[PDB]
Amino acid sequence: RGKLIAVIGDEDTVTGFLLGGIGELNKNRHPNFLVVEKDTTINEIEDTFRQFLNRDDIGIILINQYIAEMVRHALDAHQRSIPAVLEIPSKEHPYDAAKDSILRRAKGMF
Amino acid sequence: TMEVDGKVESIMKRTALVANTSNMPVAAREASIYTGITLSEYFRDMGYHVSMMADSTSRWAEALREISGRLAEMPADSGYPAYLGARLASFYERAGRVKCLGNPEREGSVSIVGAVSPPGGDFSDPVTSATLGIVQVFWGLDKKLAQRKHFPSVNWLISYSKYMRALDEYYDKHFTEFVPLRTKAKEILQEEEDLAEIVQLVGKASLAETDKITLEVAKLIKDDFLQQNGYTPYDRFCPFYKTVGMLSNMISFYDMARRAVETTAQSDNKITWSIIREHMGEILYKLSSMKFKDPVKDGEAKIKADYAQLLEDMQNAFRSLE
Amino acid sequence: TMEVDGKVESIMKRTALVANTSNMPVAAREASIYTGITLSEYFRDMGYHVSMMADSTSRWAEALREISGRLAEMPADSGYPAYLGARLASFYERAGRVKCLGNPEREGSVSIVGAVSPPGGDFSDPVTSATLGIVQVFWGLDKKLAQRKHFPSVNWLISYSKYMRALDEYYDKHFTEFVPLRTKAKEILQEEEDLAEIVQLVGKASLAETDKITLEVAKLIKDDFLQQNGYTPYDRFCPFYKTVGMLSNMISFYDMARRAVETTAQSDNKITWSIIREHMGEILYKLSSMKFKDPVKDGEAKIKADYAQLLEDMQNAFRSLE
Amino acid sequence: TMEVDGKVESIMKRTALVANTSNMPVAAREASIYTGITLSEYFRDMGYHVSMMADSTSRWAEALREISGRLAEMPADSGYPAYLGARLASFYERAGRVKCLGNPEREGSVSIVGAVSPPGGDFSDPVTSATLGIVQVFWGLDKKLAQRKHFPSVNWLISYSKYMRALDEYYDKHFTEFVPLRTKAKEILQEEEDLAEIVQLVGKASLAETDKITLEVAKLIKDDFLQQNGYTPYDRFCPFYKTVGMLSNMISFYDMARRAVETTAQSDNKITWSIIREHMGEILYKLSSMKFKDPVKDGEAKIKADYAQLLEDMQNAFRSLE
Amino acid sequence: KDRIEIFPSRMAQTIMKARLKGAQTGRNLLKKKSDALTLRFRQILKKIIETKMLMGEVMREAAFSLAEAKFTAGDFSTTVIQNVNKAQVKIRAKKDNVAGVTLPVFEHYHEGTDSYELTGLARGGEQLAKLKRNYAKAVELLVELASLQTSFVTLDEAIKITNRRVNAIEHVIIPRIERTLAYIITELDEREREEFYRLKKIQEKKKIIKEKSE
Amino acid sequence: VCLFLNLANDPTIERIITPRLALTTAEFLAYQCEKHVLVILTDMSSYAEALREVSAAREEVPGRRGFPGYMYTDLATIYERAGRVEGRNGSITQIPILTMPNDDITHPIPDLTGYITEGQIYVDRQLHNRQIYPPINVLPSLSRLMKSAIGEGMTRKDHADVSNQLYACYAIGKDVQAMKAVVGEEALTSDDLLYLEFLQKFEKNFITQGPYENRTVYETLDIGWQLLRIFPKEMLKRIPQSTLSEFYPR
């Protein structure tokens with residue numbers, strides 16, 4: 001009934017959040033997270049992002065900034081609030097404030 | 001009282017009052033404007049300049065409507081008679097600078113300053129509509145400015161003067177630099193009027209440095225040029241040389257700040273209104289204090305010299321910053 | 001038929017009708033009101049409390065208008081003769097409570113209820129304005145209530161009765177508690193009027209608990225106190241003890257609900273209308289059903305006992321919730 | 001020229017003119033109207049289907065008003081004589097199809113088209129109010145369409161024709177499909193009118209997918225079926241076969257668009273007005289260019305073939321889209 | 001269209017004036033609602049940025065703690081990615097209210113199903129426990145961020161709707177009613193003018209009859 | 001008190017001559033007997049109806065809204081029999097009372113009265129229904145010469161400041177009371193709560209008086225200060241510190 005948490009990110013970041021307590025294998029045996037290994041390309045990454053976005057129990061979604069950039073043309077289509085996407089930093093690449101999907105709505109943030 | 005030849009004289013030595021209240025005969029109220037303008041014409045014929053101020057042409061028009069109703073004439077637009085517009089036209093037409101009749105070559109004039117009372121600010125009623133279609137200046141006092149303590153309460157947006165063109169011949173001879181100065185001041189005020197809407201949506205800091213210059217110079221002008229403490233000796237009367245010098249200094253500040261920001265927006269050492277305010281606080285204070293020069297204690301020459309000095313110091317500060 | 005001394009008697013033993021169909025002559029239509037008022041005065045002079053029902057002063061004013069037009073007089077607004085107000089006043093002012101002439105001391109009265117029927121419900125109809133200038137009571141119509149089929153259709157916000165100051169001495173002696181109940185009912189109804197504009201223009205989400213109580217108890221008063229289907233066996237006539245008891249219970253309910261929410265504001269167990277309604281929905285239903293008590297077959301004492309029982313139940317329910 | 005017996009003849013041979021221009025004597029406008037209707041009745045008695053165009057009956061009404069004023073008569077509304085309605089009625093009543101007098105059994109007609117020039121462009125004018133009480137067809141024109149150049153400026157919402165029932169006997173055997181085509185066209189335009197207020201106050205974002213198609217096909221009908229530039233070779237005259245064919249193409253587009261949207265609104269691969277607009281730019285432009293067809297340069301056969309070809313293209317593209 | 005199509009009269013004038021006042025009252029109420037929503041929206045923007053800045057360091061600390069964990073415990077990432085089972089942390093959709101608008105916010109909630117218990121039994125131990133603890137910190141921070149962002153988007157849409165309604169009221173409804181009121185006043189003046197002319201004519205004719213009586 | 005009564009069934013011509021008797025007596029008492037007279041003319045709307053009746057009796061064609069064209073001059077002939085005069089201690093103060101028909105402020109009676117008189121005191125239906133007495137809505141009411149009426153040596157030093165502050169706080173209170181239904185009480189700031197408390201206590205203690213409670217202007221000002229002590233000094237932004245320091249405490 002309640003919402004889950006979903007993650008897309010490096011193996012290290014996913015390990016960290018899993019140790020935090022986010023992971024679960026659903027009745028279909030499909031995890032709520034994905035590690036972005038070099039074998040995983042842009043098309044599959046965005047397929048998983050879209051899956052998280054559609055599925056109603058996902059709730060809060062975490063994505064690193066570089067992966068979000070690689071996913072951007074789906075983050076622009078994402079225009080409903082509840083599936084809350086959070087673009088977060090990583091040891092792989094830093095976070096920056098500019099060009100965040102949600103922050104697009106802010107015009108007074110100089 | 002007034003000062004003539006260094007002595008204080010009552011203005012009733014040069015003023016005549018056609019004064020009557022609301023219970024005086026209706027024919028008196030309707031004839032009040034004509035009697036006033038005929039006295040003014042008589043004094044104009046002697047080569048004098050006669051300012052005729054009708055306090056309520058709306059109340060004269062109501063007296064006219066009352067007389068029309070008593071005569072049982074057909075009611076025209078919104079109840080006023082069939083001839084309100086023609087009467088207002090033939091009345092305001094009697095103003096003007098004239099080569100007077102008679103042998104001694106003379107020039108006089110009658111200047112009509114006829115006030116009008118729009119219900120709650122509604123300029124649509126026939127008296128106000130005809131008045132604003134027949135007059136050539138509208139000074140547009142404003143109770144909101146009065147409450148904000150902006151004295152005079154001239155709104156400086158609804159106000160207008162169609163005599164600007166006729167006065168080019170005079171300004172280009174005696175105050176040569178005043179016309180572009182006035183144009184720039186009006187532009188600055190309009191620009192702040194525009195920026196006030198943006199600042200509501202996105203706040204003040206969102207503005208470009210040019211728009212910050214506009215906002216702050218416009219604040220300077222409104223607070224220390226248009227606003228005027230008439231009760232105080234120093235600027236109860238502002239000679240036009242003083243006014244043009246004030247506006248010259250302020251618009252020179254505008255030009256210099258605009259130049260400094262525009263020529264350095266592309267550099268690493270980009271200048272900003274904040275830097276300008278911090279560096280030239282002294283010059284801003286002196287510009288704001290320019291009001292305090294008193295023609296009766298400072299001579300015309302001294303006032304001009306002081307304003308030129310302020311210009312030079314502003315130049316030096318901007319030059320050292322740039 | 002009506003009960004007197006335990007015997008049913010026709011009202012035509014104490015009634016008289018002055019009939020005037022609309023197609024009868026205009027002069028007779030005009031004199032109808034004067035005949036009626038003269039008969040009422042005659043029966044007043046004997047020591048009786050005559051009531052009189054003028055059935056269309058609007059059509060009486062129509063008669064005056066037509067007669068004036070035939071006489072070729074100058075009309076006032078909307079074609080009515082300028083003396084319409086004078087005629088309506090000379091008619092109405094014949095009402096009142098009197099000490100009759102003649103030696104055997106007696107006090108009759110005449111109470112005039114005058115119907116007005118303005119075009120399109122025009123509150124500015126000249127006959128209506130002239131009437132309002134005279135009458136002490138005005139039971140105005142509310143077309144919104146009429147189209148909702150809420151009867152009576154009295155517009156309790158613009159209807160008025162100036163007799164309240166005079167009736168306070170009677171209430172203080174016979175129905176002591178009624179004056180504050182009346183005051184609070186009017187307060188509640190005005191509060192609902194103010195709140196409904198926001199409820200419809202914006203939404204019910206932001207309302208406070210006291211606002212919810214005001215809205216709901218005001219709906220209770222509007223639906224179950226100010227609504228009276230006059231064709232029903234129990235509510236063709238509502239004695240004043242029944243009226244004051246009903247309103248007393250509803251207003252006491254309002255007071256105790258407000259007391260609950262005020263007591264539990266800024267406290268852990270905050271009470272709300274959402275808890276009051278559920279905790280004591282039976283109380284609300286019985287308050288709604290108070291109207292159904294029938295004086296004819298339920299005694300005065302029985303109805304008073306029922307309303308005292310509702311008061312007891314209300315106090316018990318509130319004390320248990322608290 | 002019109003072709004008769006394969007020979008071209010100028011329509012002046014069957015047109016007659018009665019001219020009383022605005023500045024020629026006022027009293028003669030009434031004579032002009034009556035002379036026109038009498039000539040029409042004469043040629044109706046011959047067995048012809050005459051048509052009379054009264055270029056403005058408000059001018060005749062103003063003539064009656066001026067004569068009435070010179071006579072010092074009591075006026076009806078806005079100064080017109082009380083008998084204006086009777087004059088207009090007796091004038092319009094001479095219009096019916098008739099079985100003419102005399103022995104050779106003949107049938108003629110006198111159609112009347114009386115333009116009305118309401119002062120101020122409002123149809124509350126007494127002349128237009130009477131004329132609409134008299135006439136059976138009302139082609140109300142809209143200044144706001146005339147300004148946009150949406151000519152003819154007929155306002156399709158208020159205009160009406162009370163002959164649409166008497167004519168179905170003819171339509172359902174000469175132009176069978178036209179009756180349902182017209183019914184659906186009027187339903188489309190009324191639906192778009194209903195949507196206009198919601199769209200103006202809420203924006204297009206809330207519209208359903210079928211509502212978008214209603215709006216867009218209504219725009220298509222307005223721009224490319226209703227408005228007709230009378231001063232061009234292709235649309236100075238629009239035969240009824242061309243009109244019914246055009247409306248059939250547009251209504252058929254409406255039907256297929258709604259079918260496509262409704263049959264896929266429940267799918268994941270929803271068809272949307274945007275997809276239709278992007279896919280069918282050529283088809284929409286062909287529906288917009290249907291008007292340009294020239295009935296004399298392009299024969300009836302070519303025009304009907306082209307409209308059928310466009311229908312085939314639309315069906316092909318819909319099948320290839322869904 | 002310009003006018004409401006109510007027919008001129010004094011009753012019509014009263015109705016239209018009441019409707020104009022009603023429209024203006026609604027305009028002011030909705031404008032204050034818009035100002036409140038925009039104030040809250042700007043506050044949430046500021047808080048969103050501050051929480052983003054705080055993430056910019058808390059997540060760095062989390063990554064460095066993970067680095068420490070790997071230095072001691074070895075590469076446990078595969079063990080963590082495999083032993084998923086059921087989520088220890090879950091979210092409940094909670095409600096927040098601004099004006100009349102509803103803002104979705106998230107409750108951070110614990111199920112206690114820590115499957116990665118014992119994963120540091122022999123080596124990882126305290127370093128891996130500290131990693132878990134720091135990522136719990138990060139998860140609290142990020143759930144607060146998601147609450148803020150969900151509220152932010154909902155408020156954005158509600159603010160746009162309210163501004164559109166206010167603009168509609170002050171650019172369509174109010175001008176329409178003002179035009180209708182001006183037309184009503186004009187037509188009432190016309191009624192009075194017509195009545196005046198009729199009465200003037202009647203008085204003229206009465207004078208003529210009086211003269212003819214002599 | 002010199003009381004003239006023209007009952008609704010007394011002749012309308014007597015209604016016409018009633019205010020002129022009243023004001024002739026006022027002129028006698030003020031400008032000859034040298035005493036300050038207050039003239040209270042009740043129902044100038046009824047007087048205007050009597051004027052309409054007499055005008056129509058003369059057979060004059062009606063003017064605006066049915067009233068005579070010269071109603072401005074007539075109302076002015078009544079009103080302007082007022083004011084202080086040179087060298088005579090007496091004076092005449094007028095309080096015309098108008099029943100605005102249909103509540104239309106543009107109606108000729110109130111409109112010409114607004115042109116001829118020097119202020120207005122509104123009586124409000126909403127307050128009346130709420131049972132506040134006197135229901136004098138202070139926001140649209142205005143007294144143009146209040147600045148001369150009040151001040152040092154006339155009422156007290158703080159009168160003008162207390163008046164301006166009470167008006168400003170009342171306006172803000174009404175604004176906040178409107179906002180309260182939009183945002184709800186739990187979302188208001190503490191300043192808004194102070195303004196709402198002031199609004200409540202202003203309508204309950206200052207406006208609401210009771211028909212037989214006579215308040216000297218000093219007592220009215222003390223009540224005004226009791227109300228303004230709801231706020232701390234810093235939010236009394238329309239009262240100079242010179243006055244706050246002297247009157248605010250206690």
# chains A, B, ... in the order shown; residues from 1 in each chain; ligands from 1
>>> residues_around(residues="residue 13 of chain E", least_positions_apart="4", cutoff="8 Å", atoms="only C-alpha atoms", output="ChimeraX atom specification")
/E:8-9,17,181,184-185
>>> write_last_selection(atoms="N, CA, C and O atoms", output="tab-separated table (two decimals), in the first residue's frame")
chain	number	residue	atom	x	y	z
E	8	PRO	N	-31.91	46.83	-20.27
E	8	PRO	CA	-31.79	47.97	-19.36
E	8	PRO	C	-33.02	48.19	-18.50
E	8	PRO	O	-34.16	48.00	-18.94
E	9	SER	N	-32.78	48.60	-17.26
E	9	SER	CA	-33.80	48.96	-16.29
E	9	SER	C	-33.07	49.36	-15.02
E	9	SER	O	-31.87	49.13	-14.89
E	17	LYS	N	-24.73	46.07	-10.94
E	17	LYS	CA	-23.80	46.65	-9.97
E	17	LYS	C	-23.45	45.66	-8.88
E	17	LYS	O	-22.28	45.56	-8.48
E	181	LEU	N	-23.03	47.86	-17.65
E	181	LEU	CA	-23.54	48.92	-16.79
E	181	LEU	C	-23.57	50.26	-17.51
E	181	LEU	O	-24.53	51.02	-17.37
E	184	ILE	N	-26.50	50.19	-19.79
E	184	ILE	CA	-27.74	50.32	-19.04
E	184	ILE	C	-27.98	51.77	-18.66
E	184	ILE	O	-29.10	52.29	-18.76
E	185	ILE	N	-26.93	52.46	-18.19
E	185	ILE	CA	-27.09	53.86	-17.83
E	185	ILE	C	-27.47	54.69	-19.04
E	185	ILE	O	-28.35	55.56	-18.97
>>> interface_residues(of="chain C", to="chain F", cutoff="6 Å", atoms="only C-alpha atoms", output="PyMOL selection string")
chain C and resi 74+76-77+82-83+89-90+124+187+206
>>> write_last_selection(atoms="N, CA, C and O atoms", output="short mmCIF file (atom, residue, chain, number, x, y, z; two decimals), in the first residue's frame")
data_model
loop_
_atom_site.label_atom_id
_atom_site.label_comp_id
_atom_site.auth_asym_id
_atom_site.auth_seq_id
_atom_site.Cartn_x
_atom_site.Cartn_y
_atom_site.Cartn_z
N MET C 74 -49.14 66.29 -14.56
CA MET C 74 -47.75 65.93 -14.79
C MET C 74 -47.35 64.80 -13.85
O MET C 74 -47.49 64.94 -12.63
N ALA C 76 -44.79 62.05 -11.82
CA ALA C 76 -43.45 61.89 -11.28
C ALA C 76 -42.81 60.68 -11.95
O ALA C 76 -43.30 60.20 -12.97
N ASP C 77 -41.71 60.19 -11.38
CA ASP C 77 -41.02 59.04 -11.95
C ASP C 77 -41.99 57.92 -12.30
O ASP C 77 -43.01 57.72 -11.63
N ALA C 82 -47.32 62.78 -8.65
CA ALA C 82 -46.34 63.17 -7.66
C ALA C 82 -46.87 62.99 -6.24
O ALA C 82 -46.08 62.86 -5.30
N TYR C 83 -48.19 62.97 -6.07
CA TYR C 83 -48.79 62.82 -4.75
C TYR C 83 -49.04 61.37 -4.37
O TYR C 83 -49.82 61.12 -3.45
N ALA C 89 -49.39 57.69 2.33
CA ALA C 89 -49.19 58.06 3.73
C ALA C 89 -50.51 58.35 4.42
O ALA C 89 -50.74 57.88 5.53
N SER C 90 -51.39 59.11 3.77
CA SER C 90 -52.70 59.36 4.35
C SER C 90 -53.49 58.08 4.54
O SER C 90 -54.39 58.04 5.38
N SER C 124 -36.83 49.54 -6.34
CA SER C 124 -36.91 50.98 -6.55
C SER C 124 -38.23 51.42 -7.16
O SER C 124 -38.37 52.59 -7.51
N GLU C 187 -27.42 37.62 14.22
CA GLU C 187 -25.97 37.58 14.08
C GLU C 187 -25.54 36.36 13.28
O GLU C 187 -24.71 36.45 12.37
N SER C 206 -10.63 26.07 3.89
CA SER C 206 -9.90 26.91 4.83
C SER C 206 -10.70 27.28 6.07
O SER C 206 -10.15 27.92 6.97
#
>>> calpha_fit_rmsd(fixed="chain D", moving="chain B")
1.9 Å
>>> residues_around(residues="residue 163 of chain F", least_positions_apart="5", cutoff="12 Å", atoms="only C-alpha atoms", output="list in words")
residues 138, 139, 142, 143, 146, 147, 150, 151, 156, 157, 158, 168, 169, 170, 206, 217, 220, 221, 222, 223, 224, 225, 227, 228, 236, 238 and 239 of chain F
>>> write_last_selection(atoms="N, CA and C atoms", output="JSON list (two decimals), in the first residue's frame")
[["chain", "number", "residue", "atom", "x", "y", "z"],
["F", 138, "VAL", "N", -17.22, 53.28, 9.60],
["F", 138, "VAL", "CA", -16.28, 54.38, 9.64],
["F", 138, "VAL", "C", -15.41, 54.48, 8.40],
["F", 139, "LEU", "N", -15.41, 53.47, 7.54],
["F", 139, "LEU", "CA", -14.48, 53.46, 6.42],
["F", 139, "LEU", "C", -14.94, 54.42, 5.33],
["F", 142, "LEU", "N", -16.78, 60.19, 6.22],
["F", 142, "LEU", "CA", -15.72, 61.18, 6.13],
["F", 142, "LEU", "C", -16.24, 62.51, 6.64],
["F", 143, "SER", "N", -15.37, 63.24, 7.34],
["F", 143, "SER", "CA", -15.68, 64.58, 7.82],
["F", 143, "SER", "C", -14.57, 65.50, 7.33],
["F", 146, "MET", "N", -12.82, 67.79, 9.94],
["F", 146, "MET", "CA", -12.40, 67.20, 11.21],
["F", 146, "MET", "C", -11.07, 67.77, 11.66],
["F", 147, "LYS", "N", -10.19, 68.09, 10.71],
["F", 147, "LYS", "CA", -8.88, 68.61, 11.06],
["F", 147, "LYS", "C", -8.97, 69.96, 11.75],
["F", 150, "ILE", "N", -10.76, 69.19, 15.51],
["F", 150, "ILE", "CA", -9.96, 68.55, 16.55],
["F", 150, "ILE", "C", -8.65, 69.29, 16.75],
["F", 151, "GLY", "N", -7.92, 68.93, 17.80],
["F", 151, "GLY", "CA", -6.59, 69.46, 18.02],
["F", 151, "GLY", "C", -6.41, 70.05, 19.40],
["F", 156, "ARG", "N", -8.15, 67.54, 22.26],
["F", 156, "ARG", "CA", -6.96, 67.08, 22.95],
["F", 156, "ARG", "C", -5.84, 66.90, 21.94],
["F", 157, "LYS", "N", -4.61, 66.84, 22.46],
["F", 157, "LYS", "CA", -3.43, 66.84, 21.60],
["F", 157, "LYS", "C", -3.38, 65.63, 20.69],
["F", 158, "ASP", "N", -3.88, 64.48, 21.14],
["F", 158, "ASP", "CA", -3.69, 63.21, 20.44],
["F", 158, "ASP", "C", -4.86, 62.82, 19.55],
["F", 168, "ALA", "N", -6.58, 53.30, 10.21],
["F", 168, "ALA", "CA", -5.64, 52.42, 9.52],
["F", 168, "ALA", "C", -5.73, 51.00, 10.05],
["F", 169, "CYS", "N", -5.77, 50.85, 11.37],
["F", 169, "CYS", "CA", -5.87, 49.53, 11.96],
["F", 169, "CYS", "C", -7.18, 48.86, 11.58],
["F", 170, "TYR", "N", -8.27, 49.62, 11.50],
["F", 170, "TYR", "CA", -9.55, 49.05, 11.10],
["F", 170, "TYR", "C", -9.51, 48.57, 9.66],
["F", 206, "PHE", "N", -15.67, 50.37, 20.85],
["F", 206, "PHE", "CA", -15.60, 51.73, 20.35],
["F", 206, "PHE", "C", -16.85, 52.09, 19.55],
["F", 217, "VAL", "N", -15.71, 63.41, 24.31],
["F", 217, "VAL", "CA", -14.66, 63.09, 23.35],
["F", 217, "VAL", "C", -13.42, 62.58, 24.06],
["F", 220, "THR", "N", -14.08, 58.94, 24.56],
["F", 220, "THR", "CA", -13.91, 58.24, 23.30],
["F", 220, "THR", "C", -12.44, 58.06, 22.97],
["F", 221, "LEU", "N", -11.62, 59.07, 23.23],
["F", 221, "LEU", "CA", -10.19, 58.96, 22.96],
["F", 221, "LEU", "C", -9.51, 57.97, 23.90],
["F", 222, "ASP", "N", -9.93, 57.94, 25.16],
["F", 222, "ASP", "CA", -9.39, 56.95, 26.08],
["F", 222, "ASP", "C", -9.73, 55.54, 25.62],
["F", 223, "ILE", "N", -10.94, 55.33, 25.10],
["F", 223, "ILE", "CA", -11.28, 54.03, 24.54],
["F", 223, "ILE", "C", -10.43, 53.73, 23.31],
["F", 224, "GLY", "N", -10.22, 54.73, 22.46],
["F", 224, "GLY", "CA", -9.36, 54.54, 21.31],
["F", 224, "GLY", "C", -7.96, 54.11, 21.70],
["F", 225, "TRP", "N", -7.44, 54.70, 22.78],
["F", 225, "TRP", "CA", -6.11, 54.32, 23.25],
["F", 225, "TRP", "C", -6.12, 52.93, 23.87],
["F", 227, "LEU", "N", -7.84, 50.58, 22.81],
["F", 227, "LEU", "CA", -7.79, 49.69, 21.65],
["F", 227, "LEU", "C", -6.40, 49.66, 21.03],
["F", 228, "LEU", "N", -5.77, 50.83, 20.88],
["F", 228, "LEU", "CA", -4.46, 50.88, 20.24],
["F", 228, "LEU", "C", -3.37, 50.29, 21.13],
["F", 236, "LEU", "N", 2.12, 51.02, 15.57],
["F", 236, "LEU", "CA", 1.37, 52.27, 15.49],
["F", 236, "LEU", "C", 2.16, 53.28, 14.65],
["F", 238, "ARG", "N", 1.33, 55.38, 12.33],
["F", 238, "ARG", "CA", 0.74, 56.66, 11.96],
["F", 238, "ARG", "C", 0.58, 57.60, 13.15],
["F", 239, "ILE", "N", 1.16, 57.27, 14.29],
["F", 239, "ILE", "CA", 1.17, 58.13, 15.48],
["F", 239, "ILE", "C", 2.61, 58.54, 15.75]]
>>> closest_atom_pairs(of="chain E", to="chain A", cutoff="7 Å", atoms="only C-alpha atoms", output="Markdown table")
| residue | atom | partner | partner_atom | distance |
| --- | --- | --- | --- | --- |
| E:56 | CA | A:89 | CA | 6.6 |
| E:59 | CA | A:89 | CA | 6.8 |
| E:63 | CA | A:91 | CA | 6.5 |
| E:66 | CA | A:16 | CA | 6.9 |
| E:77 | CA | A:15 | CA | 5.4 |
| E:80 | CA | A:15 | CA | 6.0 |
| E:81 | CA | A:15 | CA | 6.4 |
| E:84 | CA | A:24 | CA | 5.4 |
| E:85 | CA | A:24 | CA | 5.2 |
| E:86 | CA | A:24 | CA | 4.2 |
| E:87 | CA | A:24 | CA | 4.7 |
| E:88 | CA | A:21 | CA | 4.6 |
| E:89 | CA | A:21 | CA | 5.3 |
| E:90 | CA | A:4 | CA | 5.1 |
| E:91 | CA | A:3 | CA | 4.8 |
| E:92 | CA | A:2 | CA | 5.2 |
| E:114 | CA | A:21 | CA | 6.8 |
| E:116 | CA | A:19 | CA | 6.6 |
| E:132 | CA | A:20 | CA | 5.2 |
| E:135 | CA | A:20 | CA | 5.1 |
| E:136 | CA | A:20 | CA | 5.2 |
| E:146 | CA | A:84 | CA | 5.7 |
| E:149 | CA | A:84 | CA | 6.9 |
| E:150 | CA | A:81 | CA | 5.0 |
| E:153 | CA | A:81 | CA | 5.5 |
| E:154 | CA | A:81 | CA | 6.2 |
>>> select_by_dssp(residues="segment 1-108 of chain A", states="helix (DSSP H, G or I)", output="PyMOL selection string")
chain A and resi 11-20+42-54+65-70+72-75+103-105
>>> residues_around(residues="residue 75 of chain D", least_positions_apart="5", cutoff="10 Å", atoms="only C-alpha atoms", output="number ranges by chain")
D: 65, 68-69, 80-84; E: 194, 197-198, 201
>>> write_last_selection(atoms="N, CA, C and O atoms", output="JSON list (two decimals), in the first residue's frame")
[["chain", "number", "residue", "atom", "x", "y", "z"],
["D", 65, "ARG", "N", -40.81, 59.21, -39.02],
["D", 65, "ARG", "CA", -40.54, 59.94, -37.78],
["D", 65, "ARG", "C", -40.49, 61.44, -38.02],
["D", 65, "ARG", "O", -41.05, 62.22, -37.25],
["D", 68, "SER", "N", -43.89, 62.78, -38.76],
["D", 68, "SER", "CA", -44.66, 62.79, -37.52],
["D", 68, "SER", "C", -44.26, 63.96, -36.64],
["D", 68, "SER", "O", -45.11, 64.60, -36.02],
["D", 69, "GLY", "N", -42.96, 64.25, -36.56],
["D", 69, "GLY", "CA", -42.52, 65.38, -35.77],
["D", 69, "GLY", "C", -43.04, 66.69, -36.32],
["D", 69, "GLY", "O", -43.50, 67.55, -35.56],
["D", 80, "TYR", "N", -40.47, 57.36, -32.91],
["D", 80, "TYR", "CA", -41.19, 56.84, -34.06],
["D", 80, "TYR", "C", -42.69, 56.97, -33.84],
["D", 80, "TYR", "O", -43.16, 56.94, -32.71],
["D", 81, "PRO", "N", -43.46, 57.10, -34.91],
["D", 81, "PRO", "CA", -44.91, 57.17, -34.75],
["D", 81, "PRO", "C", -45.47, 55.85, -34.26],
["D", 81, "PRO", "O", -44.91, 54.78, -34.49],
["D", 82, "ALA", "N", -46.61, 55.93, -33.58],
["D", 82, "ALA", "CA", -47.23, 54.72, -33.04],
["D", 82, "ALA", "C", -47.58, 53.73, -34.13],
["D", 82, "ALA", "O", -47.69, 52.53, -33.85],
["D", 83, "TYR", "N", -47.77, 54.19, -35.36],
["D", 83, "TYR", "CA", -48.20, 53.33, -36.46],
["D", 83, "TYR", "C", -47.05, 52.75, -37.26],
["D", 83, "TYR", "O", -47.27, 52.21, -38.35],
["D", 84, "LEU", "N", -45.82, 52.86, -36.76],
["D", 84, "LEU", "CA", -44.68, 52.32, -37.49],
["D", 84, "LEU", "C", -44.81, 50.81, -37.67],
["D", 84, "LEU", "O", -44.53, 50.28, -38.75],
["E", 194, "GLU", "N", -36.96, 60.38, -23.48],
["E", 194, "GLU", "CA", -38.20, 60.16, -24.22],
["E", 194, "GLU", "C", -39.40, 60.61, -23.40],
["E", 194, "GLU", "O", -40.31, 61.28, -23.91],
["E", 197, "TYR", "N", -39.60, 64.36, -23.36],
["E", 197, "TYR", "CA", -40.12, 64.94, -24.60],
["E", 197, "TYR", "C", -41.62, 64.74, -24.72],
["E", 197, "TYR", "O", -42.33, 65.65, -25.16],
["E", 198, "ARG", "N", -42.12, 63.57, -24.35],
["E", 198, "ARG", "CA", -43.57, 63.35, -24.39],
["E", 198, "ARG", "C", -44.28, 64.35, -23.50],
["E", 198, "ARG", "O", -45.27, 64.97, -23.90],
["E", 201, "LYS", "N", -44.25, 67.85, -24.98],
["E", 201, "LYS", "CA", -45.25, 67.97, -26.04],
["E", 201, "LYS", "C", -46.64, 68.10, -25.45],
["E", 201, "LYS", "O", -47.46, 68.90, -25.93]]
